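In the form deposited without the DNA, a lone chain appears below as structure tokens.
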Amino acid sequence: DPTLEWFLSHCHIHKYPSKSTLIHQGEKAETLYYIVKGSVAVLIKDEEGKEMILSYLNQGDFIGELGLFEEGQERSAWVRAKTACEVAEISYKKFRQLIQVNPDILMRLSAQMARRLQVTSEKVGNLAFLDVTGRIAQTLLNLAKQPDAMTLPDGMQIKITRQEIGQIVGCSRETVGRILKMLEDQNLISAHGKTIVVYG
């Protein structure tokens, strides 16, 4: 792809092991990142430091974009490598140069920002309006329609744990496991420890 190849030619790319923290909330934002390979979680915390997963991001996703457009912003969340990752980086200052050369690279970034706003808005509604079963059900549907979901003969395979679902919907891992058992009994899913199949 020529636009993304040109862009990456102006970055420097680095390897990070699984569980590396790429971005820390509250740091000064001066750098944009782009996932060449691997997956990350975007995390926020409560007052006791307890984590919740705000999003997962994958190969082809920009990260660290939110301070690009205004001076002196701070990182809004933590970003942690869930797998080993290969991440391109570029300063905000150089990226702003690229945008004046070819605004298509800003369109590619902004498209992802717009998607994230859509997804995060929907999460506000799920948290505001739905009971725990309904939040879990939506979370499974959403994971199943991700590009990384694998098609099986009986449905979509997703890679997630009860603790991760809990950290998405705001309940305990035990509560998630009870609800997954209900959804299994209803013949809607098959739930293992690290994998769930959503039947279809």
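The first residue of the sequence shown is number 1, and the count goes up from there.
A second form of this protein, the form deposited with the DNA bound, is not displayed here; the remarks below concern that form.
S.K.: 138-146, 171-179, 58-66, 29-37: which one contacts the DNA in the deposited bound form at 4.5 Å, heavy atom to heavy atom?
M.R.: Going through the listed ranges, the match is 171-179.
S.K.: Given the DNA in the deposited bound form, answer whether the residues 132, 161 and 194 all have a heavy atom inside 4.5 Å of it.
M.R.: Yes.
S.K.: Quick one: does residue 45 come within 4.5 Å of the DNA in the deposited bound form, counting heavy atoms only?
M.R.: No, residue 45 stays farther than 4.5 Å from the DNA in the deposited bound form.
S.K.: Does anything in 30-53 come within 4.5 Å of the DNA in the deposited bound form by heavy atoms, and if so which residues, in order?
M.R.: Heavy-atom contacts within 4.5 Å come from 50 alone.
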